[PDB]
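Colleague:
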Amino acid sequence: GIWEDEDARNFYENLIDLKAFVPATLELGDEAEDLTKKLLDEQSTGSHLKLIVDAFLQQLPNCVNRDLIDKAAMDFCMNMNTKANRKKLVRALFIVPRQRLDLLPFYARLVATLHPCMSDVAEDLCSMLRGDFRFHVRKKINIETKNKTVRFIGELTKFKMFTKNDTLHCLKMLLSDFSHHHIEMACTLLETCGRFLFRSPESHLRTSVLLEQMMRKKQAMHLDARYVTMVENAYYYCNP
């Protein structure tokens with residue numbers, strides 16, 4: 457049993473089969538989202564189409580349930596699919612605000628639902644999310662933005678848009694320099710998709726090794742109490 461509920465099994469595994477359809529100090534989030542937002546802002560059957568796409572993107576933040584987000588996918592796939600439009604979608608998905616963590620699972624569902632008939636949405640978003648992750652792992658920018666990036670990767674992992682091996686590499690990078698911001702990013706990552714990784718047979722053994730290395734490290738490396746407790750809680754959350 458990989459999932460807790462039956463709602464979870466269905467939210468992550470029962471997607472609408474779209475392939476049945478027609479072939480048709530700084531003023532910042535992070536620097537990555539600011540740069541992406543400015544690319545979006547810079548820019559007549561296409562002026563009508565642009566209009567309906569800008570409507571569509573501006574409505575995404577309201578698709579707060581399973582039925583609403585699946586509809587959005589059908590709407591996009593049937594009236595708006597266009598190289599230029601796929602790039603705008605990817606970029607609107609990537610600049611999700613940190614204050615709407617609740618969107619991440621729906622945004623991941625959209626991406627995974629589109630993937631079988633326009634994979635490049637997944638490819639671009641993942642590539643963007645990977646690069647921002649690398650950036651966060653190198654610096655020391659508010660922990661709350663970093664946690665948005667890591668949560669989004671987690672949701673995408675549960676949908677298999679990131680492979681187990683991808684996200685395990687993320688975790689391994691954070692365990693190499695096990696410092697304050699990296700410990701939290703790690704614990705956020707494991708809260709989001711650690712059980713998926715631990716329970717899945719393909720990833721179980723490597724997750725477990727890494728979980729035990731984190732526990733070994735809280736004692737061994739004398740972290741201050743707050744992070745000792747953080748690591749423990751993420752551990753017992755995956756491996757109770």
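Just so we're aligned: the sequence shown equals residues 457 to 480, 529 to 532, 534 to 548, 559 to 655, 658 to 757 in PDB author numbering. Virtual Cβ for every residue (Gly too), placed ideally from N, Cα, C.
(1) Under 8 Å by Cβ, that's how I've got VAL579 and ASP617 pegged, so tell me the actual separation to the nearest angstrom.
(2) Within 10 Å of its beta-carbon, does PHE679 have 16 or more other beta-carbons around it, so buried, or fewer, so exposed?
(3) Between the Cα of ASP639 and the Cα atoms of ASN659, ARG668, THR662, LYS603, which residue gives the shortest distance?
(4) In the DSSP assignment, the alpha helix (DSSP H) including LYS735 goes from what residue to what residue?
(5) Is it right to say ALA751 is buried, meaning 16 or more other beta carbons lie within 10 angstroms of its own, or is it exposed?
(6) Go ahead and label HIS739 buried or exposed: buried means 16 or more other beta carbons lie within 10 angstroms of its beta carbon, across all protein chains shown.
(7) Considering Cα atoms alone, identify which of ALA703, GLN614, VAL667 is closest to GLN730.
(8) Is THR680 helix, strand or coil when you go by DSSP?
(9) Beta-carbon within less than 7 Å of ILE660's beta-carbon, same chain only, minus the 5 sequence neighbours each way: which residues are those?
(10) Starting from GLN573, trace the alpha helix (DSSP H) in both directions and tell me its first and last residue.
(11) With a threshold of 16 other CB atoms inside 10 Å of the CB of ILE567, please say whether the residue is buried or exposed.
(12) Shortest alpha-carbon distance to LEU629 belongs to which of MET595, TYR754, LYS565, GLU536?
(13) Considering only C-alpha positions, which residue in the set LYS677, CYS632, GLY671, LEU706 is nearest to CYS592?
(14) Quick one, which of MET589, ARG581, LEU544 has its alpha-carbon nearest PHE571's?
(15) Exposed or buried, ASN466, counting other C-beta atoms within 10 Å across all chains shown (16 or more means buried)?
(16) Measuring CA to CA, which of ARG712, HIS686, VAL745, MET643 is closest to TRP459?
(17) Quick check on this structure: which residue in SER634, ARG613, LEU692 has the alpha carbon closest to the alpha carbon of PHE669?
Modeller: For this structure:
(1) Start at 1 with the first residue of the sequence shown, and residue 579 comes out as number 64. Start at 1 with the first residue of the sequence shown, and residue 617 comes out as number 102. In this structure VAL579 is in contact with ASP617, their Cβ atoms being roughly 7 Å apart against a cut-off of 8 Å.
(2) Here residue 679 refers to the residue found at position 162 when the sequence shown is read from its first residue. Under this definition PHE679 is a buried residue.
(3) Mapped onto the sequence shown, residue 639 falls at position 124. If we check each option's Cα against that of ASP639, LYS603 comes out closest.
(4) Counting from one through the sequence shown, the residue named residue 735 turns up at place 218. Note, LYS735: alpha helix (DSSP H), 718–737.
(5) The count along the sequence shown starts at 1 and reaches residue 751 at position 234. It counts as buried.
(6) If you number the sequence shown from 1, residue 739 lands on position 222. Classification of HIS739: exposed, given that the 10 Å Cβ count is below 16.
(7) Taking the sequence shown and counting its residues from 1, the one referred to as residue 730 is at position 213. Nearest in C-alpha terms to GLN730, of all of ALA703, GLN614, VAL667, is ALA703.
(8) What you label residue 680 is simply residue 163 of the sequence shown in a count that begins at 1. Per DSSP, reduced to three states, the secondary structure at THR680 is coil, with no helix or strand assignment.
(9) Translated into positions along the sequence shown, residue 660 becomes position 143. If we look at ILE660 and ignore the five residues flanking it on each side, its Cβ neighbours are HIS698, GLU701.
(10) Against the sequence shown, residue 573 aligns to sequence position 58. Segment 560–574, the alpha helix (DSSP H) holding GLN573.
(11) Within the sequence shown, the letter at position 52 stands for residue 567. Answer is exposed; the Cβ neighbour count stays below 16.
(12) As a working note, residue 629 is residue 114 in the sequence shown. Comparing Cα-Cα distances from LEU629 to each of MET595, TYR754, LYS565, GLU536, the minimum goes to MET595.
(13) Taking the first residue of the sequence shown as 1, we reach residue 592 at position 77. The residue with the shortest Cα to Cα distance from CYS592 is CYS632.
(14) Within the sequence shown, residue 571 is the residue found at index 56, counting from 1. Looking at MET589, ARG581, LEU544, the one whose alpha-carbon comes closest to that of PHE571 is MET589.
(15) Taking the first residue of the sequence shown as position 1, residue 466 is located at position 10. The residue is exposed, with fewer than 16 neighbouring Cβ atoms inside 10 Å.
(16) Along the sequence shown, one-based indexing puts residue 459 at 3. Per the Cα distances, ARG712.
(17) As a first step, residue 669 is located in the sequence shown; it is residue number 152 there, counting from the start. Nearest option by C-alpha distance: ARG613.
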